[PDB]
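These notes are about the structure you will find just below.
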């Protein structure tokens with residue numbers, strides 16, 4: 001009962017702790033590198049930092065107010081009272097956060113300008129490159145420019161979740177609804193900006209990752225799904241990479257010894273193709289893609305995988321009724337024969353989570369972060385780089401066969417984790433299930 005409301009508070013904390021460290025990848029670490037190298041024109045430095053710094057200020061103050069209250073929580077008997085309550089802190093900052101919306105609206109403009117600056121300036125591209133290599137850069141650099149607006153959502157989500165196990169009679173009930181309504185209209189205003197950014201980000205990433213392809217980023221192209229399938233060739237079924245956008249189908253070329261597995265071979269426009277499910281090819285889970293002037297047959301790793309790629313193709317071909325010219329997620333797909341949809345991203349993002357838990361040779365306490373379908377391992381809540389990582393596509397959360405332990409299974413790889421509480425136990429295996 002009362003415990004459930006407290007663990008949400010701690011949830012807000014741990015995640016805010018990770019958020020502030022996320023922001024520090026830019027405002028601390030990336031900043032210095034730009035100064036030491038001065039490959040970034042001052043206009044872009046202003047545009048970048050005039051819009052992240054002020055946000056970072058607020059949050060640093062906010063984390064303080066939180067973790068303090070959280071300390072006064074678990075306190076005398078004639079005061080607590082207002083020690084076991086957080087709706088007041090939230091209500092304040094929420095109605096105070098709305099004043100930063102103007103800053104957020106330009107994140108689509110910062111991710112945009114960095115890109116052009118990177119391509120037209122050769123020195124900055126080099127700098128940018130080496131910096132994404134550093135252990136501090138545990139996710140792609142672009143991914144961080146996203147988190148500010150995404151964080152706004154996470155308050156809406158968490159505040160929502162508080163009004164769930166709350167009812168009239170609690171001191172912190174009237175405040176939360178005012179707070180929730182305050183953040184809900186904050187996210188509303190930027191909901192358009194958010195989706196526009198989340199997509200620009202994915203296109204701007206792929207643009208880099210893939211070799212050969214140019215002009216992939218466009219005001220129109222939305223990303224449907226990326227993933228791995230076996231193209232039918234004269235030598236046999238061969239693994240290849242497919243990237244389905246709203247207006248074409250990108251696929252990967254023949255694998256050469258020592259070359260990239262992510263060189264784009266050609267695209268197949270969506271006007272006007274048909275996909276037709278395959279004969280005794282049914283067991284092979286293959287279907288056939290008749291394009292306007294090329295035709296391919298292709299096998300899915302499993303049956304559901306096929307139905308996904310098909311349903312997504314067909315529904316995308318109907319919906320389409322400068323010219324493209326010729327261990328992240330894309331890599332985890334190549335090594336596990338799977339795919340990830342635009343729908344999955346929004347389900348690994350809404351399911352982000354930080355916390356402390358143990359990991360059985362011999363129970364080992366680590367601080368774990370779950371973003372981007374991947375677990376990141378720290379020894380302290382305060383380190384600036386992950387000690388280890390573990391991507392989770394194709395991992396299944398079950399109980400074994402201590403107390404309150406869940407296990408991750410994948411082929412021969414078996415890991416075990418323990419949470420302190422029992423609520424926080426049902427929450428960890430929850431989010432991992434919702435990013436799978």
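For residue 130, the conditions (1) touching a helix residue (DSSP H, G or I) at 6+ places or on another chain (Cβ under 6 Å); (2) under 30 Å from residue 389 (Cβ atoms); (3) surrounded by fewer than 16 Cβ atoms within 10 Å (Cβ to Cβ) are fulfilled apart from (1). The residue that is nearest to residue 238 (Cα to Cα), among those in segment 272-317 that are loosely packed, with under 11 Cβ neighbours inside 10 Å and within 28 Å of the chain's Cα centre (by Cα), is 304. Put simply, of 139, 133, 203 the only residue that is in contact with a strand residue (DSSP E or B) (Cβ under 8 Å, 6 or more places away or on another chain) and assigned to a loop (DSSP other than H, G, I, E, B) is 139.
Among strands (runs of 3 or more DSSP E) entirely within segment 218-330, having at least 2 residues that are more than 23 Å from residue 345 (Cα to Cα) singles out 223-232, 237-245, 264-269, 274-277, 286-290, 295-299. When you check residue 412 against the structure, is it more than 30 Å from residue 148 (Cβ to Cβ) and within 20 Å of the chain's Cα centre (by Cα), yes or no? Against the criterion (more than 30 Å from residue 148 (Cβ to Cβ) and within 20 Å of the chain's Cα centre (by Cα)), residue 412 does not qualify.
Bear in mind these aren't lab numbers, they're just calculated from the coordinates by the rules spelled out. Quick reminder, even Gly has a Cβ in these numbers, built from the backbone with ideal geometry, and neighbours come from all protein chains shown.
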